[PDB]
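Residue numbers (PDB author numbering), protein chains in the order written: chain AAA, 1 to 96; chain BBB, 1 to 96.
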């Protein structure tokens, strides 16, 4: 799996909002309020069982500002289904 | 400062050893044993907001395996002097 830096544009911001919505359902922090995704944003492209360079899915690692704190969110996106899941929502973490 | 992905070659490994040595002088995590810097490794150029008489320095964010655990390290390197400062050394953290 190859890591790359990605932009913190609307698509990335919406992943941050998804992470905070998923973290609110888990409830470890009580109700968080999404502010913004900050740099750096990174994306890993995960390859399936090697039989074409076929794409399995993507992992995003985001720094998410919510409720005056910073969190590290790890999100998985399935290439075939386009379904997303929150892998990890941890913090507060110090800024990069 | 735009973040970029960098290699985990000898220069990166030696930044990880610097971080572990600095973290040992603090002692928050007891005496750690440097294992390896893992992917992904990231680097930002520091300007000190000017116009461009040159590069001031670099910030690195590294995942450092030490005493079989994983830690996130933030390091500053002066461009001219090559003098280094541990900004942050935290964990254990889950893999990226």
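Even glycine gets a Cβ: it sits at the ideal position worked out from N, Cα and C.
Asked                                                                                                                                                             : Found
DSSP puts residue 90(BBB) in a beta bridge; with which residues?                                                                                                  : 72(BBB)
Since residue 67(AAA) and residue 12(AAA) are thought to touch, with beta carbons under 8 Å apart, how far apart are those beta carbons, to the nearest angstrom? : 19 Å between Cβ atoms; not a contact.
Can you tell me the Cα-Cα spacing of residue 82(AAA) and residue 56(AAA), whole angstroms?                                                                        : 10 Å
Do residue 37(AAA) and the ligand PLP come close, with the Cβ less than 6 Å from some heavy atom?                                                                 : Looking for the ligand PLP in the displayed structure turns up nothing, as the structure carries no ligands at all.
Find the residues of chain AAA that neighbour residue 88(BBB), judging by a C-beta separation of less than 8 Å, and give them in chain order.                     : 94
Using the three-state DSSP reduction, which class does residue 96(BBB) fall into: helix, strand or coil?                                                          : coil
Tell me which same chain residues have a C-beta within less than 8 Å of the C-beta of residue 84(AAA), skipping the five on either side of it?                    : 15, 18, 75, 76, 77 and 78
Taking Cβ-Cβ distances below 7 Å as the criterion, which residues of the stretch 36-50 of chain AAA are in contact with chain BBB?                                : 39, 40 and 42
For residue 88(BBB), which residues in the same chain have their Cβ closer than 6 Å to its Cβ, ignoring the five residues on either side in sequence?             : 74
Once DSSP output is grouped into helix, strand and coil, what is the label at residue 15(BBB)?                                                                    : helix
Establish whether the CB of residue 61(BBB) and some CB of chain AAA are separated by less than 7 Å.                                                              : yes
Under 7 Å, Cβ to Cβ, is there at least one residue of chain AAA near residue 6(BBB)?                                                                              : no
Please classify residue 26(AAA): is it buried, with 16 or more other beta-carbons within 10 angstroms of its beta-carbon, or exposed?                             : exposed
Could you list which residues in chain AAA have their beta carbon closer than 7 Å to that of residue 74(BBB), in chain order?                                     : 96
Given a cut-off of 7 Å on the beta-carbon distance, is the pair residue 63(AAA) and residue 46(AAA) in contact?                                                   : no
Distance, Cα to Cα, residue 41(BBB) vs residue 72(AAA)?                                                                                                           : 16 Å
Among 48(BBB), 69(BBB) and 3(BBB), which one has its Cα closest to the Cα of residue 20(BBB)?                                                                     : 69(BBB)
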